[PDB]
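Notes follow the structure.
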Ligand SMILES: [K+]
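Protein chains in written order, with the entry's author numbering: chain A, 20 to 46, 93 to 355; chain B, 238 to 592; chain C, 830 to 833, 871 to 947; chain E, 258 to 293.
Written out as structure tokens, the structure is:
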């Protein structure tokens, strides 16, 4: 089990590079910076098609993760034998190029280095490079690709599917809910199937990914059947943190739910004509006495 | 609040751990259940969230009694602390923040009397569909929060119109809407007020504040009474030649009415001559088709070519009408004696100068 | 105004309720919008009187009660009891 | 062994630097062609 290699690749890629960026901060490029910015700009048609492409390829990568979840956590495969792994790394190197375009156009290195897309790329792409180098596949943190669903609504804004603001807000809220549901299920699946590292991985509990999705849905609704649950120590700790975070997020998002429900107009609508029944319209000063 | 929550969580977990591992004293301590402290913490977290997996639970009598008391006490404490949670969440300001500048997109700051009628008319004319493609955003700065109908109207144009709560007289609010980078500031007047002089003075003071923040900005203001606009000449930064304008509602309206008294229908012609009207094709032989042929016209300004120099105005107008299919109305005669003055259809004695 | 040569040299004093309006009384002021009241040109030149300074005097009266008496006998013209 | 461990440590960061360098070179080339 060489999972620490795949994990530590992403860890050094994030932390050491962030540290050297801060260190350099303590100690013609405008043209290419503006070129990259206008290339990845939302208003540019190239930006539109590129964000649609990266969203679609993220969905494809998530589907590949769903297919590969049935396989064991840590296995071995060949680049030349398996076409799916080649497709996955083609997707990942495309994400790498998009990360390059985003970084060269980044106004501030720190804030671009501490956002969701940067960290998911960091925790996704070095794992597949180590996997193709050592010819060993680890499930890893590929489920984090589901976070790309958060931008789904923006795609519907570019295709003119969504026009009203309420629809955009509703789609955004649903996308956030589904994305966090799926990534929590992925964390639970990984931690339960891998087992506790300090007990020689003898705590493994054979749970499918969909069973983890079911467990998360039962937990977040505060039902708690107990038919399926977390038996590992780290899994239980993650469940505690997920319960606390879910309650906090729901409490924070209650006002937006109230706004989406809104105050319905009680006396709106129009009169519905009934055949054979005349009607008289009364207007003016309408009070109790008259 | 967090410290109290964590402290009571840990001490309840400690009580459960002690009572479960010790066992029931009256049964010779044969009810002991081997639970770690962290498992008791997990059990308390599952219980207080009302999930209740049942994988780990209290089997001893005293442990179950403690669990019942902890459930009751936790519900009571949470019910008592709900108001503090609501206070910590609070009521977020909906129209706070600041305008975020977008490169290549100018913005216009609109202030003054912001209600349904004025904003509706201004957005109807400004954001007309037949308008040529302009990348201009509109920022309405107003202290009074919008009502439901205004909120709906802003939602219909959420992609081009933003609203912010604040006052022009406060320099910080001017800094929030990026008034130093705005293309123009438009001040609307309250046409229905008890004292027009007070509204005029308020608008003049808003102009003074805006020009104090940034003297080079272009301001278009609405003035109710005609005798008040002279106050705008007292501001040193008010440059009429640079595009600062005051639109007098009473003067323009009564002048339109008087010119219609001299010749009826002139007010309609003028109103249709500077307004963006959508064109509809009419094939039936009605008056609407002949009217709509004339609605489509607009005013434009252009520098005459050097070929027209030295020629009388009637000759140039005839050449423009017959050949260029253009109707020339007026010319801006510039003289060093009396600056520049617009001449409406001058006689044949006048000759076109250079530029 | 203009005379026959201009009204910018006429000495005037303007009572003000809000302090932040004082910068509106001066034309050729390079003062930033966040400049405090006592550093603005109209206040420093004595051409504007902000009433809020009286709200300061109360505090100055608390730490020393002779200051108000000195101000009263210097300002009001000698109003004996 | 330590060589393979060094490779699995540095393969990610090196690939990121290669990506950034390639993007910068492509942008510089396209800007130079645009200025032409
Ligand atoms: K027209």
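Beta carbons are placed, not taken as given, at the ideal position from N, Cα and C, and that holds for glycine.
Under 7 Å between beta-carbons, which chain B residues line up against residue 899 of chain C? List them in chain order, please. By Cβ distance, chain B contributes 408, 450.
8 Å Cβ cutoff, residue 551 of chain B in contact with chain C: Not an interface residue.
Please determine if the region 292-307 of chain A and the region 249-260 of chain A are in contact, where contact requires at least 3 C-beta pairs separated by less than 8 Å. At 8 Å Cβ cutoff, the stretches touch.
Identity of the residue in A:249, A:331, A:267 nearest residue 309 of chain A by Cα: That would be A:249, whose Cα lies nearest to the Cα of residue 309 of chain A.
Shorter than 8 Å from the beta carbon of residue 446 of chain B to some beta carbon of chain C? Closer than 8 Å: yes.
For residue 311 of chain A, go through chain E and note every residue whose CB falls closer than 8 Å to its CB, in chain order. For a Cβ distance threshold of 8 Å, nothing in chain E lies close to residue 311 of chain A: the least Cβ distance comes to about 32 Å.
Would you call the region 479-489 of chain B and the region 509-516 of chain B touching, i.e. three or more CB-CB distances under 8 Å? These segments do not touch.
Residue 200 of chain B lies in the beta strand (DSSP E); which residues open and close that run? There is simply no residue 200 of chain B to check, as chain B begins at 238 and stops at 592 in what is shown.
Own chain, CB closer than 6 Å to residue 293 of chain B, minus 5 neighbours either side, in chain order: Only 276, 280 meet the Cβ criterion.
Roughly how many whole angstroms lie between the Cα atoms of residue 945 of chain C and residue 909 of chain C? Rounded to the nearest angstrom, the two C-alpha atoms are 28 Å apart.
From what residue to what residue does the beta strand (DSSP E) around residue 378 of chain B run? It spans 373-378 - the beta strand (DSSP E) in which residue 378 of chain B sits, taken as one unbroken run.
Run the proximity test for residue 512 of chain B: is its beta-carbon closer than 7 Å to any non-hydrogen atom belonging to ligand 1? Yes; taking the cut-off as 7 Å, the Cβ of residue 512 of chain B has a heavy atom of ligand 1 nearer than that.
If we define contact as Cβ-Cβ less than 8 Å, is residue 473 of chain B a contact residue for chain C? The beta carbon of residue 473 of chain B falls within 8 Å of a beta carbon belonging to chain C, placing the residue at that interface.
Determine the direct distance from the alpha carbon of residue 873 of chain C to that of residue 882 of chain C, and round the result to whole angstroms. When rounded, the distance between both Cα atoms is 21 Å.
According to DSSP, residues forming a beta bridge with residue 484 of chain B: DSSP lists B:459 as partners of residue 484 of chain B.
Partner residues on chain E for residue 166 of chain A, Cβ-Cβ distance less than 8 Å: Those within 8 Å of residue 166 of chain A in chain E are 280.
Give a yes or no on contact between the region 558-569 of chain B and the region 578-586 of chain B, applying the rule of three or more CB pairs nearer than 8 Å. When Cβ pairs closer than 8 Å are counted between the two stretches, the region 558-569 of chain B is seen to touch the region 578-586 of chain B, the count reaching three or more.
In angstroms, rounded to a whole number, what distance separates the CA positions of residue 529 of chain B and residue 390 of chain B? Going by the C-alpha atoms only, they are around 29 Å apart.
Given a cut-off of 8 Å on the beta-carbon distance, is the pair residue 346 of chain B and residue 444 of chain B in contact? With respect to residue 444 of chain B, residue 346 of chain B sits apart: the two C-beta atoms are not nearer than 8 Å.
Is it the case that the CB of residue 530 of chain B approaches a heavy atom of ligand 1 more closely than 7 Å? It does not: the Cβ of residue 530 of chain B is nowhere closer than 7 Å to a heavy atom of ligand 1.
According to DSSP, residue 203 of chain A sits in a beta bridge with which residue or residues? In the DSSP output, where bridge partners are listed per residue, residue 203 of chain A has A:139.
Considering only C-alpha positions, which residue in the set B:407, B:590, B:438 is nearest to residue 465 of chain B? Answer by Cα proximity: B:438.
So residue 174 of chain A is in the alpha helix (DSSP H); what residue range does that whole segment cover? It spans 174-178 - the alpha helix (DSSP H) in which residue 174 of chain A sits, taken as one unbroken run.
Between the Cα of residue 186 of chain A and the Cα atoms of A:271, A:161, A:195, which residue gives the shortest distance? Ranking A:271, A:161, A:195 by Cα distance to residue 186 of chain A puts A:161 first.
Going by C-alpha distance, which of B:541, B:433, B:412, B:363 is nearest residue 561 of chain B? Nearest of B:541, B:433, B:412, B:363 to residue 561 of chain B, Cα basis: B:541.
Quick one: which residues of the region 270-297 of chain A get their C-beta closer than 7 Å to a C-beta of chain B? List them in chain order. Within the region 270-297 of chain A, the qualifying residues are 284, 287, 289, 291, 294.
In DSSP terms, what residue 576 of chain B is bridged to: According to DSSP, which records beta bridges pairwise, residue 576 of chain B is partnered with B:572.
Residues in the same chain with beta-carbon distance under 7 Å from residue 261 of chain B, minus the five sequence neighbours each way, listed in chain order, please. Within the same chain, residue 261 of chain B has close Cβ partners 268, 297, 298, 299.
Spatial neighbours of residue 233 of chain A within its chain, please: CB distance less than 7 Å, with the 5 preceding and 5 following residues excluded, ordered by chain position. The answer, listed in chain order, is 218, 222, 227.
Strictly by DSSP, which residues pair up with residue 326 of chain B? Bridge partners of residue 326 of chain B: none, in fact.
Residue 113 of chain A: contacting residues in chain B (beta-carbon distance under 8 Å): Near residue 113 of chain A there are no residues of chain B at all, since even the closest Cβ is about 15 Å away, more than 8 Å.
Under a Cβ-count criterion, where at least 16 other Cβ atoms within 10 Å of its own Cβ denotes burial, should residue 388 of chain B be classed as buried or exposed? Answer is exposed; the Cβ neighbour count stays below 16.
Coarse secondary structure for residue 114 of chain A, derived from DSSP in three states: In this structure, residue 114 of chain A counts as helix in the three-state DSSP scheme.
Applying the 10 Å Cβ sphere with the 16-neighbour rule, what's the burial state of residue 326 of chain B? Under the 10 Å beta carbon count, residue 326 of chain B is surrounded by fewer than 16 other beta carbons and is classified as exposed.
Within 10 Å of its beta-carbon, does residue 911 of chain C have 16 or more other beta-carbons around it, so buried, or fewer, so exposed? By the 16-neighbour rule on beta-carbons within 10 angstroms, residue 911 of chain C is exposed.
On the DSSP bridge list, what partners appear for residue 348 of chain B? The partner list for residue 348 of chain B (beta bridge, DSSP) reads B:424.
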